[PDB]
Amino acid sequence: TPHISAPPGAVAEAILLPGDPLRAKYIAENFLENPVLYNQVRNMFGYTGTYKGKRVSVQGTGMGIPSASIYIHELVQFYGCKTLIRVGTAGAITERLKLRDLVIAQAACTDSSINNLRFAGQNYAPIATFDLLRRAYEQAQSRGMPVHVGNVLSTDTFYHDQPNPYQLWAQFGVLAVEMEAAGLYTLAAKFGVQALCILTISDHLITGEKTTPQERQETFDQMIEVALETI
């Protein structure tokens, strides 16, 4: 277990996956009862606690498919995780989305070579577990949250060579851009476990709008509640 050093049993079957290990710290201290730090390797904090009687873990994943994939592989294969929910921010690429909107990723497009290699150029659609997608949606609805369910783009490239790199994706209905969901969805299917990616729109890549630190924390807190209730 090279990247997570914890005894077997230290990680719950249900796990939240923020990217930032400090966001994992924040979640554990604010949302979990009796949180226990089980991982410090590479400063990639992982905690285990309880939420309304359910055992839940929260583990930083790092940025991009290659990093997140290492943690996901180890969590599933070595620690026996079964329900993986990524919680994150994303940049909106259509004006149909507003700042602070919640996006639940039905599928994840990608520019990564991950599946081009696996399927020899054929097209595999990495998808959310429908049961999780459905219940997360119901949770957001019951809170009156602006929520969209649809496509995201998982990019390898935060900083593209050219401007307006997402125009074509938007024309084909893609809602927002992040960097990991395609990897999570593909690995979940590979191992036959369940996964979901939930996102809050922190930036609007079309209007140039940005969320204030107060706005971020408020909608972030709500997202975490949704994930914890779903899981």
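One-based numbering along the sequence shown.
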With reference to the PDB entry, specify whether the mean Cα temperature factor is higher for 43 to 51 or for 188 to 196.
43 to 51
Taking only the CA atoms, which stretch has the higher mean B-factor in the record, 197 to 205 or 178 to 186?
197 to 205
Sorting by Cα B-factor within the chain, modelled residues only, which third would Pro146 end up in: lowest, middle or highest?
highest
Looking at the C-alpha B-factor of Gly62, is it in the lowest, middle or highest third of its chain?
middle
Quick check on the deposited entry: does the C-alpha B-factor of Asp156 sit in the lowest, middle or highest third of its chain?
lowest
Could you tell me which third, lowest, middle or highest, the C-alpha B-factor of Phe31 occupies within its chain?
highest
Split the chain's modelled residues into thirds by Cα B-factor; is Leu99 in the lowest, middle or highest one?
highest
